[PDB]
């Protein structure tokens, strides 16, 4: 018969094999008994127990024959028997209990609930306290060996809120992609064993792009000078807008706003390249339009897209592309007849010549001269065009005088237009 009915023993988790759990004696014959004892396990409460322990059948010494895992099973209940060969006897049997004492063999486990596994992401300037990923820390031991706290690290714009079940990782700042497209976090964790076993976990935070900026122009108002009578399809000016966003959000497409210039349309005067290049679609003419301005848009692919527009002033410069035009006196094939008294004095105003020129400035300025003919008997004012007599006529003066007035301008190469004034002396 066994010394005690029930035995309780504490055994370290993960104790090596052949560790002495206990040496039982079935009270080997006291004052005699038939003798030749034999020990054996006859039953286990959990069958798992079968494979963790062993007993010498003759000496009666229980030892470890397996890995005692507290997280698997912590209590082992063994029914054991001692026998005298059944000559004329009963079997004695007691109940052994091995408590598996928990030790700190599991350190913390840090897990991220997100969709794209391990790719944590968040859109620019997402709001303060916007949850990005649920983190879950665990330690599979019991007690202090099971308890755990964890913390973010280094200054970053995020934080964690510890809860009963799990923690939560959220935004704690303003995120701008144009400034930073990524952060590099490290969650540090540890258990409360002695000494405490620690875990780190490092991972990335990809800040996803928003279409939060439009294409910025280099200038709000561009200007360019052109020369009059330019060729159709001749380059004028380049504008440029850049968008800091990603892809479609940041591509740039140029458009010219509908406007009418002098009664038609911008298109009919000007067009735009999808590269910010402005081409003259027509031959410009300073006498029609010395200046016109227009707006030019820029847009990007986003839902919905965004715009910036800039103004464009075109200065049309003057060239001397208008020869002057004789308009007084009226002209037949470019000549006029006038009459005058023969006894006319000196200074008599014969006629007054005048021309119009459309160009502006020097290009448009007129000077009058007698080019040829009876330049001796008449004189012309350089600015008026007033033709007057410079001599008296009498006694066998010819009765008819021919003079060629011209009006020329002041351009790089001066243009001009003549007229033939015939003078007849009416007595």
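Residue numbers count along the first chain shown, from 1.
Note on 247 to 255 vs 288 to 296: mean CA B-factor is higher in 247 to 255.
The mean C-alpha temperature factor is higher for 23 to 31 when 392 to 400 and 23 to 31 are set side by side. Ranking 221, 95, 198, 177 by Cα temperature factor from the entry places 177 first. Set against one another, the Cα B-factors of 104, 89, 333, 327 in the record reach their highest point at 89. Compared with the other modelled residues of the chain, the Cα B-factor recorded for residue 71 ranks in the lowest third. Placement of the Cα temperature factor of residue 59 within the chain: highest third of the modelled residues, per the deposited record. The deposited CA B-factor of residue 119 belongs to the highest third of values across its chain. In the deposited entry, the Cα temperature factor of residue 99 sits in the bottom third of values across the chain's modelled residues. For residue 52, the recorded CA temperature factor ranks within the middle third of the chain's modelled residues.
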